[PDB]
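As provided, coords-v2.csv (CSV, C-alpha atoms and all ligand atoms) reads as follows.
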```
chain,number,residue,atom,x,y,z
X,258,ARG,CA,159.9,137.4,-85.5
X,259,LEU,CA,160.7,135.3,-88.5
X,260,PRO,CA,163.7,133.2,-89.7
X,261,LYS,CA,166.6,134.6,-91.8
X,262,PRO,CA,165.7,132.5,-94.8
X,263,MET,CA,162.2,131.1,-94.6
X,264,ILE,CA,162.9,127.6,-95.7
X,265,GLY,CA,161.2,125.8,-92.8
X,266,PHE,CA,162.9,122.5,-92.3
X,267,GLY,CA,164.1,122.7,-95.8
X,268,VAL,CA,163.2,123.7,-99.4
X,269,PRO,CA,164.2,121.7,-102.5
X,270,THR,CA,166.1,124.5,-104.2
X,271,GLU,CA,168.5,125.3,-101.5
X,272,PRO,CA,170.9,123.5,-99.2
X,273,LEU,CA,169.2,121.9,-96.2
X,274,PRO,CA,169.6,123.9,-93.1
X,275,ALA,CA,171.9,122.6,-90.4
X,276,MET,CA,168.8,121.5,-88.5
X,277,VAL,CA,166.1,119.4,-90.2
X,278,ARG,CA,164.9,117.5,-87.2
X,279,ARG,CA,161.7,117.8,-85.1
X,280,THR,CA,160.5,115.9,-82.2
X,281,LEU,CA,156.7,115.7,-82.1
X,282,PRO,CA,155.0,116.2,-78.7
X,283,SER,CA,153.5,112.8,-77.7
X,284,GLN,CA,149.9,114.1,-77.9
X,285,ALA,CA,150.6,115.7,-81.3
X,286,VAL,CA,151.2,112.3,-82.9
X,287,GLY,CA,148.9,109.5,-83.8
X,288,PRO,CA,146.3,109.4,-86.6
X,289,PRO,CA,145.0,111.5,-88.2
X,290,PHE,CA,147.7,113.7,-89.9
X,291,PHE,CA,146.8,117.4,-89.8
X,292,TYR,CA,148.0,120.4,-91.7
X,293,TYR,CA,147.1,124.0,-90.8
X,294,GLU,CA,148.1,127.1,-92.8
X,295,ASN,CA,148.1,130.7,-91.6
X,296,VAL,CA,149.6,134.0,-92.6
X,297,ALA,CA,153.3,134.2,-91.4
X,298,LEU,CA,153.2,137.8,-90.3
X,299,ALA,CA,151.2,138.0,-87.1
X,300,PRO,CA,151.7,139.2,-83.5
X,301,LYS,CA,153.5,136.9,-81.1
X,302,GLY,CA,150.4,136.1,-79.1
X,303,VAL,CA,148.5,134.8,-82.1
X,304,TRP,CA,151.0,132.2,-83.1
X,305,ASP,CA,151.4,131.4,-79.4
X,306,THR,CA,147.6,130.8,-79.3
X,307,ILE,CA,147.6,128.7,-82.4
X,308,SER,CA,150.4,126.5,-81.2
X,309,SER,CA,148.8,126.0,-77.7
X,310,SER,CA,145.5,125.1,-79.4
X,311,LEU,CA,147.3,122.6,-81.7
X,312,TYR,CA,149.1,120.3,-79.4
X,313,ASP,CA,152.0,122.7,-78.7
X,314,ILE,CA,153.5,122.2,-82.2
X,315,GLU,CA,155.7,125.0,-83.5
X,316,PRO,CA,154.9,126.4,-86.9
X,317,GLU,CA,157.1,125.8,-89.9
X,318,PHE,CA,157.6,129.1,-91.6
X,319,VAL,CA,158.2,129.0,-95.4
X,320,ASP,CA,158.1,131.5,-98.2
X,321,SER,CA,156.7,130.2,-101.5
X,322,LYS,CA,159.3,132.1,-103.4
X,323,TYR,CA,161.3,129.0,-103.1
X,324,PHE,CA,158.6,127.2,-105.0
X,325,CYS,CA,157.5,129.7,-107.7
X,326,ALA,CA,158.0,133.2,-109.0
X,327,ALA,CA,155.8,134.8,-106.4
X,328,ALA,CA,156.3,135.3,-102.7
X,329,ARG,CA,154.0,133.9,-100.1
X,330,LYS,CA,154.9,133.8,-96.4
X,331,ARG,CA,153.1,131.4,-94.3
X,332,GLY,CA,153.3,129.4,-91.1
X,333,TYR,CA,152.3,125.8,-91.3
X,334,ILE,CA,151.4,123.8,-88.1
X,335,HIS,CA,151.5,120.1,-88.8
X,336,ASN,CA,152.3,116.6,-87.4
X,337,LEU,CA,153.8,115.1,-90.6
X,338,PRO,CA,157.2,113.5,-91.0
X,339,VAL,CA,159.7,116.1,-92.1
X,340,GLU,CA,162.2,113.9,-93.8
X,341,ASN,CA,162.2,112.3,-97.3
X,342,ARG,CA,160.2,115.2,-98.8
X,343,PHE,CA,160.3,115.6,-102.6
X,344,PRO,CA,159.0,118.4,-104.8
X,345,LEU,CA,156.5,118.3,-107.7
X,346,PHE,CA,158.3,118.1,-111.0
X,347,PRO,CA,159.2,120.0,-113.1
X,348,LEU,CA,160.0,122.8,-110.7
X,349,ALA,CA,158.0,125.9,-111.3
X,350,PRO,CA,159.8,128.8,-113.0
X,351,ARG,CA,161.1,131.0,-110.2
X,352,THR,CA,161.6,134.3,-111.9
X,353,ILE,CA,159.1,136.6,-113.4
X,354,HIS,CA,160.8,136.4,-116.7
X,355,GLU,CA,160.8,132.6,-116.7
X,356,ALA,CA,157.1,132.5,-115.7
X,357,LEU,CA,155.9,135.1,-118.0
X,358,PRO,CA,158.0,135.1,-121.1
X,359,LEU,CA,156.0,137.9,-122.8
X,360,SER,CA,156.9,140.1,-120.0
X,361,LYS,CA,160.6,139.9,-120.4
X,362,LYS,CA,160.9,141.8,-123.7
X,363,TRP,CA,159.3,145.0,-122.2
X,364,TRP,CA,160.9,144.8,-118.8
X,365,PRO,CA,162.8,148.0,-118.2
X,366,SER,CA,166.4,147.5,-117.0
X,367,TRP,CA,165.6,149.8,-114.1
X,368,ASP,CA,162.9,147.5,-112.7
X,369,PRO,CA,165.0,145.1,-110.6
X,370,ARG,CA,162.2,142.7,-109.7
X,371,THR,CA,162.6,139.1,-110.5
X,372,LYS,CA,160.0,138.0,-108.0
X,373,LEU,CA,156.4,139.1,-107.4
X,374,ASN,CA,155.0,140.0,-104.0
X,375,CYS,CA,152.2,138.0,-102.3
X,376,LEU,CA,149.3,137.4,-104.7
X,377,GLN,CA,146.2,139.2,-103.4
X,378,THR,CA,142.5,139.5,-104.3
X,379,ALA,CA,142.3,143.1,-105.5
X,380,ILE,CA,143.7,144.2,-108.9
X,381,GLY,CA,145.3,147.4,-110.2
X,382,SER,CA,142.7,149.6,-111.8
X,383,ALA,CA,143.0,151.0,-115.3
X,384,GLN,CA,143.4,154.4,-113.7
X,385,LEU,CA,146.6,153.4,-112.0
X,386,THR,CA,148.2,151.8,-115.0
X,387,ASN,CA,147.2,155.0,-116.9
X,388,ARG,CA,149.0,157.1,-114.3
X,389,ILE,CA,152.1,154.8,-114.7
X,390,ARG,CA,151.9,155.0,-118.5
X,391,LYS,CA,151.9,158.8,-118.4
X,392,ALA,CA,154.6,158.9,-115.7
X,393,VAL,CA,157.0,156.9,-118.0
X,394,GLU,CA,155.8,158.0,-121.4
X,395,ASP,CA,157.5,161.4,-121.5
X,396,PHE,CA,161.0,160.0,-121.3
X,397,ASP,CA,162.4,157.6,-123.8
X,398,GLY,CA,164.1,155.8,-120.9
X,399,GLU,CA,165.2,156.1,-118.3
X,400,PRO,CA,162.8,158.2,-116.2
X,401,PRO,CA,164.0,160.4,-113.3
X,402,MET,CA,164.8,158.5,-110.1
X,403,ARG,CA,161.8,159.8,-108.2
X,404,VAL,CA,159.3,158.6,-110.8
X,405,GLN,CA,161.2,155.3,-111.0
X,406,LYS,CA,160.5,155.0,-107.3
X,407,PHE,CA,156.9,156.0,-107.7
X,408,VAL,CA,156.2,153.4,-110.4
X,409,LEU,CA,158.2,150.7,-108.6
X,410,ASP,CA,156.3,151.3,-105.5
X,411,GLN,CA,153.0,151.0,-107.3
X,412,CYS,CA,154.1,147.9,-109.1
X,413,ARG,CA,155.2,146.1,-106.0
X,414,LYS,CA,152.1,147.1,-104.2
X,415,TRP,CA,149.8,145.8,-106.9
X,416,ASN,CA,152.0,143.2,-108.6
X,417,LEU,CA,152.0,145.0,-111.9
X,418,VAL,CA,154.0,143.4,-114.8
X,419,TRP,CA,155.3,145.0,-118.0
X,420,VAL,CA,153.4,143.9,-121.1
X,421,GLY,CA,154.5,146.5,-123.5
X,422,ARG,CA,156.6,149.7,-123.7
X,423,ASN,CA,155.0,152.2,-121.2
X,424,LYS,CA,152.4,149.5,-120.4
X,425,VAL,CA,152.1,147.7,-117.1
X,426,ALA,CA,149.2,145.5,-116.3
X,427,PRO,CA,147.8,143.5,-113.4
X,428,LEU,CA,148.2,139.7,-113.7
X,429,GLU,CA,145.4,138.0,-115.7
X,430,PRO,CA,143.7,135.0,-113.9
X,431,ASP,CA,145.5,132.3,-116.0
X,432,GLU,CA,148.9,133.8,-114.9
X,433,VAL,CA,147.8,133.7,-111.2
X,434,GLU,CA,146.5,130.1,-111.7
X,435,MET,CA,149.8,129.0,-112.9
X,436,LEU,CA,151.8,130.9,-110.3
X,437,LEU,CA,149.8,129.1,-107.6
X,438,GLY,CA,150.3,125.7,-109.2
X,439,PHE,CA,146.7,125.2,-110.5
X,440,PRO,CA,145.8,123.7,-113.9
X,441,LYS,CA,144.9,126.2,-116.5
X,442,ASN,CA,141.2,127.2,-116.6
X,443,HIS,CA,140.8,125.7,-113.1
X,444,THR,CA,138.7,128.7,-112.1
X,445,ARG,CA,137.4,129.8,-115.5
X,446,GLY,CA,133.8,129.6,-116.6
X,447,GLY,CA,130.8,127.9,-115.0
X,448,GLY,CA,129.3,130.9,-113.2
X,449,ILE,CA,132.2,132.6,-111.5
X,450,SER,CA,133.0,136.3,-112.2
X,451,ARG,CA,136.5,137.7,-112.9
X,452,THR,CA,136.7,139.5,-109.6
X,453,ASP,CA,135.7,136.3,-107.8
X,454,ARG,CA,138.3,134.4,-109.8
X,455,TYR,CA,140.9,136.8,-108.2
X,456,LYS,CA,139.3,136.4,-104.8
X,457,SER,CA,139.4,132.7,-104.8
X,458,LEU,CA,142.9,132.5,-106.2
X,459,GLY,CA,144.2,135.2,-103.9
X,460,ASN,CA,143.1,133.2,-100.9
X,461,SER,CA,144.4,129.8,-102.0
X,462,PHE,CA,147.3,127.5,-101.2
X,463,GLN,CA,150.4,127.7,-103.3
X,464,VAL,CA,150.2,124.1,-104.6
X,465,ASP,CA,153.9,123.4,-105.1
X,466,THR,CA,154.7,124.3,-101.5
X,467,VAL,CA,151.9,122.3,-99.9
X,468,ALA,CA,152.7,119.4,-102.2
X,469,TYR,CA,156.3,119.5,-101.0
X,470,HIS,CA,155.0,119.1,-97.5
X,471,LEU,CA,152.4,116.4,-98.2
X,472,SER,CA,154.8,114.3,-100.4
X,473,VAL,CA,155.7,112.2,-97.4
X,474,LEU,CA,152.2,110.8,-97.5
X,475,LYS,CA,152.6,109.0,-100.8
X,476,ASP,CA,154.3,106.0,-99.5
X,477,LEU,CA,152.0,105.8,-96.5
X,478,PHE,CA,148.7,105.5,-98.4
X,479,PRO,CA,148.8,103.2,-101.4
X,480,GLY,CA,145.2,102.3,-100.7
X,481,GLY,CA,144.3,105.9,-101.2
X,482,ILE,CA,143.7,108.5,-98.7
X,483,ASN,CA,140.7,109.9,-96.9
X,484,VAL,CA,140.8,113.6,-96.4
X,485,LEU,CA,138.9,116.1,-94.3
X,486,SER,CA,139.4,119.3,-96.2
X,487,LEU,CA,138.2,122.3,-94.1
X,488,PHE,CA,137.8,125.7,-95.7
X,489,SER,CA,138.9,124.0,-98.9
X,490,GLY,CA,138.3,126.9,-101.3
X,491,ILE,CA,139.3,126.0,-104.8
X,492,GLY,CA,140.9,122.8,-103.6
X,493,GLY,CA,144.6,123.5,-103.2
X,494,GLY,CA,145.1,120.5,-100.9
X,495,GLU,CA,143.3,118.1,-103.2
X,496,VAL,CA,145.3,119.3,-106.2
X,497,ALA,CA,148.5,118.9,-104.3
X,498,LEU,CA,147.7,115.3,-103.4
X,499,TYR,CA,146.6,114.7,-107.0
X,500,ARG,CA,149.8,116.0,-108.5
X,501,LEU,CA,151.7,113.9,-106.0
X,502,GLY,CA,150.0,110.9,-107.5
X,503,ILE,CA,148.4,110.1,-104.1
X,504,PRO,CA,145.1,108.5,-104.8
X,505,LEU,CA,142.1,110.0,-103.3
X,506,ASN,CA,139.5,107.7,-101.8
X,507,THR,CA,137.3,109.9,-100.0
X,508,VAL,CA,137.3,113.7,-99.6
X,509,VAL,CA,135.1,115.6,-97.3
X,510,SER,CA,135.2,119.3,-98.3
X,511,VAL,CA,133.8,122.1,-96.2
X,512,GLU,CA,133.4,125.2,-98.2
X,513,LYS,CA,131.1,128.2,-97.8
X,514,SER,CA,131.3,129.5,-101.3
X,515,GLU,CA,129.1,127.8,-104.0
X,516,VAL,CA,131.4,129.2,-106.7
X,517,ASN,CA,134.4,127.4,-105.0
X,518,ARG,CA,132.4,124.2,-104.5
X,519,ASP,CA,131.5,124.1,-108.2
X,520,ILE,CA,135.1,124.8,-109.2
X,521,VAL,CA,136.2,121.8,-107.1
X,522,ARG,CA,133.4,119.6,-108.4
X,523,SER,CA,134.2,120.4,-112.0
X,524,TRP,CA,137.8,119.6,-111.3
X,525,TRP,CA,136.8,116.3,-109.6
X,526,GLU,CA,135.1,115.2,-112.7
X,527,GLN,CA,137.6,116.5,-115.1
X,528,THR,CA,140.3,114.5,-113.6
X,529,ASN,CA,138.0,111.5,-113.5
X,530,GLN,CA,138.3,110.8,-109.7
X,531,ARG,CA,136.9,107.4,-109.0
X,532,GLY,CA,136.6,108.3,-105.4
X,533,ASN,CA,134.0,110.2,-103.5
X,534,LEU,CA,133.7,114.0,-103.1
X,535,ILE,CA,131.4,115.2,-100.4
X,536,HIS,CA,130.5,118.8,-99.9
X,537,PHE,CA,129.3,120.6,-96.8
X,538,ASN,CA,128.6,124.3,-96.7
X,539,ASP,CA,129.3,125.2,-93.1
X,540,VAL,CA,132.1,124.1,-90.8
X,541,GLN,CA,129.5,124.5,-88.0
X,542,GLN,CA,127.4,121.8,-89.4
X,543,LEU,CA,130.1,119.2,-88.7
X,544,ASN,CA,129.2,118.0,-85.2
X,545,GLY,CA,130.5,114.9,-83.4
X,546,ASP,CA,127.6,112.9,-84.6
X,547,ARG,CA,128.1,113.9,-88.3
X,548,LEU,CA,131.9,113.1,-88.0
X,549,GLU,CA,131.0,109.8,-86.4
X,550,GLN,CA,128.8,108.8,-89.2
X,551,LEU,CA,131.2,109.9,-91.9
X,552,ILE,CA,133.9,107.8,-90.3
X,553,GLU,CA,131.8,104.7,-89.7
X,554,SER,CA,130.6,105.0,-93.4
X,555,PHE,CA,134.0,105.6,-95.0
X,556,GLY,CA,136.7,104.7,-92.6
X,557,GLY,CA,138.8,107.1,-90.6
X,558,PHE,CA,140.3,110.3,-91.9
X,559,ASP,CA,144.0,110.0,-92.8
X,560,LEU,CA,144.6,113.8,-93.3
X,561,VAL,CA,142.7,116.8,-92.1
X,562,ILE,CA,143.8,120.0,-93.8
X,563,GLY,CA,142.7,123.6,-93.6
X,564,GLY,CA,143.8,127.0,-94.6
X,565,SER,CA,143.6,130.6,-93.8
X,566,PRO,CA,140.0,131.1,-92.5
X,587,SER,CA,136.5,131.4,-84.1
X,588,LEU,CA,136.9,129.8,-87.4
X,589,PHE,CA,140.3,128.7,-86.3
X,590,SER,CA,138.4,127.4,-83.4
X,591,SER,CA,136.1,125.5,-85.6
X,592,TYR,CA,139.2,123.9,-87.2
X,593,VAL,CA,140.5,123.0,-83.8
X,594,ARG,CA,137.2,121.7,-82.5
X,595,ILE,CA,136.8,119.5,-85.5
X,596,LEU,CA,140.3,118.1,-85.6
X,597,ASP,CA,139.9,117.2,-81.9
X,598,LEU,CA,136.6,115.5,-82.5
X,599,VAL,CA,138.2,113.5,-85.3
X,600,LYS,CA,141.2,112.4,-83.3
X,601,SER,CA,139.0,111.5,-80.4
X,602,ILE,CA,136.7,109.4,-82.5
X,603,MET,CA,139.5,107.6,-84.3
X,604,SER,CA,140.9,106.1,-81.0
O,1,LIG,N1,132.4,129.4,-92.4
O,1,LIG,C1,133.1,128.8,-93.3
O,1,LIG,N2,133.0,127.5,-93.4
O,1,LIG,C2,133.7,126.8,-94.4
O,1,LIG,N3,134.5,127.6,-95.2
O,1,LIG,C3,134.6,129.0,-95.1
O,1,LIG,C4,133.8,129.5,-94.1
O,1,LIG,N4,134.0,130.9,-94.2
O,1,LIG,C5,134.9,131.1,-95.2
O,1,LIG,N5,135.2,129.9,-95.8
O,1,LIG,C6,136.1,129.6,-96.9
O,1,LIG,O1,137.5,129.7,-96.4
O,1,LIG,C7,138.3,129.3,-97.6
O,1,LIG,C8,139.4,129.6,-96.5
O,1,LIG,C9,140.5,130.1,-97.5
O,1,LIG,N6,141.7,130.6,-96.9
O,1,LIG,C10,140.7,128.8,-98.3
O,1,LIG,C11,141.7,128.8,-99.6
O,1,LIG,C12,141.7,127.3,-100.0
O,1,LIG,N7,142.3,126.5,-99.0
O,1,LIG,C13,142.4,127.1,-101.3
O,1,LIG,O2,143.5,126.4,-101.2
O,1,LIG,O3,141.9,127.5,-102.3
O,1,LIG,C14,137.4,130.1,-98.5
O,1,LIG,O4,136.6,129.3,-99.3
O,1,LIG,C15,136.6,130.9,-97.5
O,1,LIG,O5,135.6,131.6,-98.2
```
How does this structure look as structure tokens?
Ligand SMILES: Nc1ncnc2c1ncn2[C@@H]1O[C@H](C[C@@H](N)CC[C@H](N)C(=O)O)[C@@H](O)[C@H]1O
Amino acid sequence: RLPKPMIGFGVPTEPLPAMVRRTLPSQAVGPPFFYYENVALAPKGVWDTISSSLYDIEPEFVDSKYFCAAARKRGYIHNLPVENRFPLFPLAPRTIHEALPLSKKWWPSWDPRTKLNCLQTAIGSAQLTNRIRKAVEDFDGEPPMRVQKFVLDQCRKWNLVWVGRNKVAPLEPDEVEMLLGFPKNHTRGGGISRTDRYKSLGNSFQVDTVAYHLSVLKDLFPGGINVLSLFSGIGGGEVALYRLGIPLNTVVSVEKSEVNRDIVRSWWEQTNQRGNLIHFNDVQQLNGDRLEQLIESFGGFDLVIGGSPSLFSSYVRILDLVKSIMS
């Protein structure tokens, strides 16, 4: 169902495809700009539904493996210009060994991975890494093919990395933070647990990818940008805009988790944003009246952006309200 290399209309690290053009449906244009992200792998009918709900736009499928050392396959529905995109610099390390230098010295020659799988919320238990330890410990390299297959399967499944001889480990949160393009300690401290760190990171945007798409906005909004960020999580979008050097004037962030909200608030302060950050807890508390007053108070929204959430319906309802209001 998906393209041969998932580079969308193009990725910075490879040659542009032969086709980099898109003609936006007439209704799909106009302010505001919108950016919707969903899992790439999904039945035909779902993406059909999403497209029909979002002004007939066809999704742009891209794998974040072209932006970092971990794969992430996503479909992005948007109405942004597609040309003159530039990446965040410097480019993220794109192999496990580049990203995690301490992992290279203990990487067995028989482990061919140079790229991690999609980063998820759950982590490999001590029990499993123990099983792997005992499975490889008996041999002083290399282990029988069937055990090689057993441990390679477990490692791929759980994104385990080598940290010593006979020792694999799940990624620690700082490693995940950097793989996703977040500043270090972005999710550390302040009342969030470790497992919740993994859950908030596992559900986030890959920042380099998103920034590559949003980079076209930098010239358009020198006054600063007003953003409706829906299901904003730990603020992947805001961090992308920030790393792009796009000033943020007003951000309306709708996020159910208090832990996520606090993470984003801390970040907002730490980066000394002069602009305004406004939090709402439920996407269902943004009615036409609330949107109206937000807009008459702060000006219209330049970008509305949301990620992988009836909640999609909430996104659509809200985007439609905003576009209606703005004309
Ligand atoms: N009803 C809701 N209203 C607003 N946010 C929700 C709601 N339900 C779940 N969420 C938040 O949805 C975010 C949707 C995630 N895919 C977001 C990841 C986020 N975009 C990031 O880049 O970090 C999470 O914070 C979900 O917990």
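With distances restricted to only C-alpha atoms, X:457 is the closest residue to residue 513 in chain X from X:457, X:483, X:554, X:295.
Closest approach to ligand LIG 1 (chain O) among X:521, X:534, X:418, X:560 is made by X:521 (distances from only C-alpha atoms and all ligand atoms).
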Worksheet item: Given a cut-off of 6 Å, what residues near ligand LIG 1 (chain O) show up using only C-alpha atoms and all ligand atoms, put as a ChimeraX atom specification?
Response: /X:460-462,488-493,511-514,539-540,564-566
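With all atoms listed in the file as the atoms that count, the residue of X:333, X:346, X:266, X:558 with the shortest distance to residue 307 in chain X is X:333.
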Would you kindly return, as a short mmCIF file (atom, residue, chain, number, x, y, z; two decimals) with C-alpha atoms, keeping the file's coordinate frame, each protein, DNA or RNA residue with an atom no farther than 9 Å from any atom of residue 377 in chain X, considering all atoms listed in the file and excluding same-chain residues fewer than 2 positions away?
```
data_model
loop_
_atom_site.label_atom_id
_atom_site.label_comp_id
_atom_site.auth_asym_id
_atom_site.auth_seq_id
_atom_site.Cartn_x
_atom_site.Cartn_y
_atom_site.Cartn_z
CA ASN X 374 155.00 140.00 -104.00
CA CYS X 375 152.20 138.00 -102.30
CA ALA X 379 142.30 143.10 -105.50
CA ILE X 380 143.70 144.20 -108.90
CA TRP X 415 149.80 145.80 -106.90
CA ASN X 416 152.00 143.20 -108.60
CA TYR X 455 140.90 136.80 -108.20
CA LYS X 456 139.30 136.40 -104.80
CA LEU X 458 142.90 132.50 -106.20
CA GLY X 459 144.20 135.20 -103.90
CA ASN X 460 143.10 133.20 -100.90
#
```
Worksheet item: Excluding same-chain residues fewer than 5 positions from residue 546 in chain X, what lies within 10 Å of it counting only C-alpha atoms, as a count of residues only?
Response: 4
Response to the item:
Residue with the minimum atom-to-atom distance to residue 286 in chain X, picked from X:454, X:424, X:500, X:600 with all atoms listed in the file counted, is X:600
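Counting only C-alpha atoms, the residue from X:401, X:421, X:502, X:272 that sits nearest to residue 475 in chain X is X:502.
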In the coordinate frame of the file, compute which residues have an atom within 6 Å of (153.5, 127.8, -106.5) when using only C-alpha atoms, and state them as a PDB file with C-alpha atoms, in the coordinates of the input.
```pdb
ATOM      1  CA  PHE X 324     158.600 127.200-105.000  1.00  0.00           C
ATOM      2  CA  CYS X 325     157.500 129.700-107.700  1.00  0.00           C
ATOM      3  CA  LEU X 436     151.800 130.900-110.300  1.00  0.00           C
ATOM      4  CA  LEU X 437     149.800 129.100-107.600  1.00  0.00           C
ATOM      5  CA  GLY X 438     150.300 125.700-109.200  1.00  0.00           C
ATOM      6  CA  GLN X 463     150.400 127.700-103.300  1.00  0.00           C
ATOM      7  CA  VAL X 464     150.200 124.100-104.600  1.00  0.00           C
ATOM      8  CA  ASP X 465     153.900 123.400-105.100  1.00  0.00           C
TER       9      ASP X 465
END
```
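For range 524-532 of chain X, the set of protein, DNA and RNA residues having any atom at most 9 Å away, when counting only C-alpha atoms and skipping those fewer than 3 positions along the same chain, is residues 443, 492, 504, 505, 506, 507, 508, 519, 520 and 521 of chain X.
Shortest atom-to-atom contact with residue 396 in chain X among X:544, X:270, X:423, X:341: X:423, counting all atoms listed in the file.
Counting from CA of residue 499 in chain X, the distance to CA of residue 293 in chain X is 18.7 Å.
In this structure, CA of residue 381 in chain X sits 9.7 Å away from CA of residue 425 in chain X.
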So that I can see what lies close to residue 340 in chain X, please list as a CSV table (one decimal) with C-alpha atoms, in the coordinates of the input the residues with an atom at most 9 Å from it, counting all atoms listed in the file and leaving out residues fewer than 6 positions away in the same chain.
```
chain,number,residue,atom,x,y,z
X,266,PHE,CA,162.9,122.5,-92.3
X,277,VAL,CA,166.1,119.4,-90.2
X,278,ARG,CA,164.9,117.5,-87.2
X,473,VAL,CA,155.7,112.2,-97.4
```
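Here CA of residue 391 in chain X stands at a distance of 10.6 Å from CA of residue 404 in chain X.
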Tell me which protein, DNA and RNA residues are within 8 Å of residue 313 in chain X, counting all atoms listed in the file, leaving out same-chain ones fewer than 5 positions away, and put them as an mmCIF file with C-alpha atoms, in the frame of the given file.
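What landed in out_22.cif:
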```cif
data_model
loop_
_atom_site.group_PDB
_atom_site.id
_atom_site.type_symbol
_atom_site.label_atom_id
_atom_site.label_comp_id
_atom_site.auth_asym_id
_atom_site.auth_seq_id
_atom_site.Cartn_x
_atom_site.Cartn_y
_atom_site.Cartn_z
ATOM 1 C CA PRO X 282 155.000 116.200 -78.700
ATOM 2 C CA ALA X 285 150.600 115.700 -81.300
ATOM 3 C CA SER X 308 150.400 126.500 -81.200
#
```
